[PDB]
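A.B. asks: Input: one structure, supplied below.
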Amino acid sequence: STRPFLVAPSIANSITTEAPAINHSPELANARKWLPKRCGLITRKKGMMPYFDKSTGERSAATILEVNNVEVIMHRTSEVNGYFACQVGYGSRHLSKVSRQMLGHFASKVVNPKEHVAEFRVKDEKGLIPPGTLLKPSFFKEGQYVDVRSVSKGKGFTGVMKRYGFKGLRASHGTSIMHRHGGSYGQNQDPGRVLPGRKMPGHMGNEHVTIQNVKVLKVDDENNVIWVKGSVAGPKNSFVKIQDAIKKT
Amino acid sequence: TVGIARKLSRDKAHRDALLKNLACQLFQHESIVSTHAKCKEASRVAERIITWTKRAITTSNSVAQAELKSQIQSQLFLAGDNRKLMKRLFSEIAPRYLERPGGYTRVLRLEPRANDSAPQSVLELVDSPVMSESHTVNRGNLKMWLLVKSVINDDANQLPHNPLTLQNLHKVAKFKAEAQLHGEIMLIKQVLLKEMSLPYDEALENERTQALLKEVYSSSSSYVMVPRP
Amino acid sequence: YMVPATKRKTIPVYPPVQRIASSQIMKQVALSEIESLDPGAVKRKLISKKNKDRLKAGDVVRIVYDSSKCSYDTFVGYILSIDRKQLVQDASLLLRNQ
RNA sequence: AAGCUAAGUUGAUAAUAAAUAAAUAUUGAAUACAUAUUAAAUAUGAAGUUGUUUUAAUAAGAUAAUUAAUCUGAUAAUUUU
Ligand SMILES: [Mg+2]
Numbered sequence: 021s022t023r024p025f026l027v028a029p030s031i032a033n034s035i036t037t038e039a040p041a042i043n044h045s046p047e048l049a050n051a052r053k054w055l056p057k058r059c060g061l062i063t064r065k066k067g068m069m070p071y072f073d074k075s076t077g078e079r080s081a082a083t084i085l086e087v088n089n090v091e092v093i094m095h096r097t098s099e100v101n102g103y104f105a106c107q108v109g110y111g112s113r114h115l116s117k118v119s120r121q122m123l124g125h126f127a128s129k130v131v132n133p134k135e136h137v138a139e140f141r142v143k144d145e146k147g148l149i150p151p152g153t154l155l156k157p158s159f160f161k162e163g164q165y166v167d168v169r170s171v172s173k174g175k176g177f178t179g180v181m182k183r184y185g186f187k188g189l190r191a192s193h194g195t196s197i198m199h200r201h202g203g204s205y206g207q208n209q210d211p212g213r214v215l216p217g218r219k220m221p222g223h224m225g226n227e228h229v230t231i232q233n234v235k236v237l238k239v240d241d242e243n244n245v246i247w248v249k250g251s252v253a254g255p256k257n258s259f260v261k262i263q264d265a266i267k268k269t
Numbered sequence: 002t003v004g005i006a007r008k009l010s011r012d013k014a015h016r017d018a019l020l021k022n023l024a025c026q027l028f029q030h031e032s033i034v035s036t037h038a039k040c041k042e043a044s045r046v047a048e049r050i051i052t053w054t055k056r057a058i059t060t061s062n063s064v065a066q067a068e069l070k071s072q073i074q075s076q077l078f079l080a081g082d083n084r085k086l087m088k089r090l091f092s093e094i095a096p097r098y099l100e101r102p103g104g105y106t107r108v109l110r111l112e113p114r115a116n117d118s119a120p121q122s123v124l125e126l127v128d129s130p131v132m133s134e135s136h137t138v139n140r141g142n143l144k145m146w147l148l149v150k151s152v153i154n155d156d157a158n159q160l161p162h163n164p165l166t167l168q169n170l171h172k173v174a175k176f177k178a179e180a181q182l183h184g185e186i187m188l189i190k191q192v193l194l195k196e197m198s199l200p201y202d203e204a205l206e207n208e209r210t211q212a213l214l215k216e217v218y219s220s221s230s231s232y233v234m235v236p237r238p
Numbered sequence: 016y017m018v019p020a021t022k023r024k025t026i027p028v029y030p031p032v033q034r035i036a037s038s039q040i041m042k043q044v045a046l047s048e049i050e051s052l053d054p055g056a057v058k059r060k061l062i063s064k065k066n067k068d069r070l071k072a073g074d075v076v077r078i079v080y081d082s083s084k085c086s087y088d089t090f091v092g093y094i095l096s097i098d099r100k101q102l103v104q105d106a107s108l109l110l111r112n113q
């Protein structure tokens, strides 16, 4: 029950050898990375209001992050996926809004059809949480510091004065028809072109922003909210992600 | 200032004048055709005016009543054919909407006009009485007429009524006595028949109408919802 | 020659664990905050738009600070304005003195 | 009032680590001494390098779905994040 196969002498006699460590390998890259140990959770920015520290009586602007129905769906491993991470879902969504494929996926992992799915990358296999398990605000401690990701408000097409804080020109002293313009955009013939990355008018905002080391002020399971000190990027009802911070761990 | 209402490529005062004018015209004629944008803003005004009128009619507070009246006066041009408009609002127009919570005006999309490509629309008061005595029909509510026409067409074809049509009819009914509605339908139907080529058998038509009303009035997937195991 | 008999499986769809009206949360939070701040609506009563004897521009008032919290001196001022806001707890008043 | 804004608020100025520059060394011949190596070995060493961190793009891989009474999209309507 053999098949007609041949084999070259050059390949048969070739002594076995292991390929060394490539730096652009995923594995190596993983080692390099400065990742958080624990996981995080997805949230919706609801609004902003003032927190009052009752001892010091100090007013802190605080943004409210609502943690509705956050649940780990499934996780990714170094063996299969080349990094360690947990896919977290947020919030319920009506069947009508969800693709058949996505519904199927959700079923596979015994969760409800989610509103927003996002991976949180972690260090080591320890950081992973059992799948199908629910997360509450109680996952964070008051006083601890977190890193927040969200999508900034879109400013549409913006001038150079607003994008990059260019000074524009003088308001009245001869100056004609160019008050808010960017000025020169290059040099003469000895580049003879506009260099890549020249600051120019264009779309601004609606981009990802990571804001680091924000203090968790409060965490109330009874209201499904976390309170974060300061401003978090994006509009009301934008999806936010919070992990425990890396700089102040 | 930015994003509270449409601007309509007119400076404040002029815009205000336009909108008031449109409201007045709507009150006068019951239904008007204009550009979509203008209609949309005009409806906002008109609805507000209607609500003010309602409040004036209802509220016991003399002070409130007076204030509402003043507001109404402000929001109109009472001059030419609108001279008796104040009276009309209180006596004729407002009562129709006493039970209805908002949605007094209806905007319906037409075809964009050929010359300008500007998107057009009909703006009209909702429950407008279709039958004026010493006159026959009134310049009333287009939607109702359209519905009736559709019904007639269906009857002619001997097809079942579309669910959408039925829904529309139900909506029409909600704030309407049954008998009155029937009468209105009958009035419309004869006229429609006259306009069209179709013949008119009275009793039969009445019967049909009755049948239509009855169904309207007396009310009657691949995904499996299951609990988390 | 076996024909491939397709079978589109009926996909289950599980319900959510938690039951939250996301549209209400903020209000609730605000309420909680106010409860935390002023027990028995004391500070709230003055500044209430429903209270007749409220605080008005023109009133002269003495603000007394807590000594346990801070070491600030008490301030007397004529109220120029009360700043009422969308939510309650962040209301203030602007008062002056020569 | 909303919104937009800074003169306002909040946050960051990216670690740890690896190999190094100038330089500082150990042993140690060639050359009985001396020599940090323009010899074999063994070490320290910079706001620089590599890397990290951040954004944008790309899409390997992964989960699921499969000719459809409500498969996946588009056209259409009401809209603003
Ligand atoms: Mg600062």
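Protein chains in written order, with PDB author numbering: chain C, 21 to 269; chain L, 2 to 221, 230 to 238; chain M, 16 to 113.
No residue lacks a Cβ here, since even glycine has one placed at the ideal position from N, Cα and C.
#1: Counting only runs that start and end within the stretch 11 to 70 of chain L, where is the beta strand (DSSP E) found for 3 or more residues in a row?
#2: Runs of 4 residues minimum, wholly inside the stretch 155 to 233 of chain C: which ones carry the alpha helix (DSSP H) assignment?
#3: Could you tell me the distance, in whole angstroms, from the CA atom of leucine 9(L) to the CA atom of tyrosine 105(L)?
#4: Would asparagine 208(C) be called buried (16 or more neighbouring beta carbons within 10 Å of its own) or exposed?
#5: Mind checking if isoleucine 49(M) is an interface residue toward chain L, Cβ cutoff 8 Å exclusive?
#6: Is there contact here, the stretch 146 to 160 of chain L with the stretch 80 to 99 of chain L, by at least three beta-carbon pairs under 8 Å?
#7: Express the C-alpha separation of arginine 113(C) and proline 236(L) in angstroms, rounding to a whole number.
#8: Say whether the stretch 39 to 53 of chain M touches the stretch 87 to 104 of chain M, bearing in mind that this needs 3 or more beta-carbon pairs closer than 8 Å, one atom from each stretch.
#9: Quick one: is residue 8(C) buried, meaning 16 or more other Cβ sit within 10 Å of its Cβ, or exposed?
#10: Please check the pair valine 90(C) and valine 108(C), which I expect to be a contact at CB under 8 Å, by giving their CB distance rounded to whole angstroms.
#11: Which residues mark the beginning and the end of the beta strand (DSSP E) in which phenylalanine 126(C) is found?
#12: Say whether chain L places a C-beta atom closer than 8 Å to the C-beta of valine 90(C).
#13: For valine 235(L), return the contacting residues in chain M, with the cut-off set at a CB-CB distance below 8 Å.
#14: Once the 5 residues before and after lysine 21(L) are set aside, which same chain residues still bring their CB inside 8 Å of it?
#15: Which two residues bound the contiguous beta strand (DSSP E) that contains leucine 124(L)?
#16: Is the Cβ of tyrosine 98(L) closer than 8 Å to any Cβ of chain M?
#17: Just to make sure I have the definition right: I need the residues of chain L whose C-beta is within less than 9 Å of the C-beta of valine 130(C). Which are they?
#18: Going straight from the alpha carbon of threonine 52(L) to that of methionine 181(C), what length do you get?
#19: Which residues in the same chain have their Cβ closer than 6 Å to the Cβ of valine 245(C), if we skip the five residues on either side of it in sequence?
#20: Do you know how far the Cα of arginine 59(M) is from the Cα of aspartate 53(M)?
#21: Got a sec: is the Cβ-Cβ distance from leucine 61(C) to anything in chain L below 8 Å?
#22: What's the C-alpha gap between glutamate 125(L) and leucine 23(L)?
#23: Quick check on the DSSP output: the beta strand (DSSP E) that includes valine 149(L) runs from which residue to which?
#24: Return the CA-CA distance between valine 34(L) and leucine 19(L), expressed in angstroms with no decimal places.
#25: DSSP three-state label for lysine 256(C), please.
#26: Is it buried or exposed for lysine 256(C), if we count other Cβ within 10 angstroms and need 16 for buried?
#27: Cβ closer than 7 Å: which chain C residues qualify as neighbours of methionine 41(M)?
#28: Got a sec: is the Cβ-Cβ distance from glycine 254(C) to anything in chain M below 8 Å?
#29: Is the stretch 63 to 82 of chain C close to the stretch 39 to 54 of chain C, with three or more CB pairs under 8 Å?
#30: Based on Cα-Cα distance, which residue from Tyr205(C), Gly77(C), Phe177(C), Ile266(C) lies nearest to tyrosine 87(M)?
#31: Let me make sure I understand the geometry here. Which of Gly184(L), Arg114(L), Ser61(L) has the alpha-carbon closest to that of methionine 132(L)?
#32: Over what stretch of residues does the alpha helix (DSSP H) that includes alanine 51(C) continue unbroken?
#33: For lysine 268(C), which option in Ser30(C), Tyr165(C), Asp241(C), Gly202(C) has the closest C-alpha, if you only look at C-alpha atoms?
#34: Let me know the secondary structure DSSP gives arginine 79(C) once reduced to three states.
#35: With three or more C-beta pairs closer than 8 Å as the rule, is the stretch 216 to 227 of chain C touching the stretch 169 to 176 of chain C?
#36: So what does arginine 7(L) bridge to, in DSSP terms?
C.D. replies: In short:
#1: 32 to 36
#2: 180 to 183
#3: 23 Å
#4: exposed
#5: no
#6: no
#7: 16 Å
#8: yes
#9: Summary: the structure shown does not reach residue 8(C), with chain C confined to residues 21 through 269, and so no result is reported for it.
#10: 6 Å
#11: From DSSP, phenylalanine 126(C) is part of no beta strand (DSSP E) but of the alpha helix (DSSP H) over 120 to 128.
#12: no
#13: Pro27, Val28, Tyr29
#14: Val46, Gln76, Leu77, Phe78
#15: 121 to 126
#16: no
#17: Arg237, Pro238
#18: 47 Å
#19: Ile84, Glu86
#20: 7 Å
#21: no
#22: 11 Å
#23: Premise fails: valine 149(L) lies in the alpha helix (DSSP H), 143 to 158, not in any beta strand (DSSP E).
#24: 14 Å
#25: coil
#26: exposed
#27: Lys66, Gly67, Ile84
#28: no
#29: no
#30: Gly77(C)
#31: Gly184(L)
#32: 46 to 52
#33: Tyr165(C)
#34: strand
#35: yes
#36: Per DSSP, none; premise fails for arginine 7(L).
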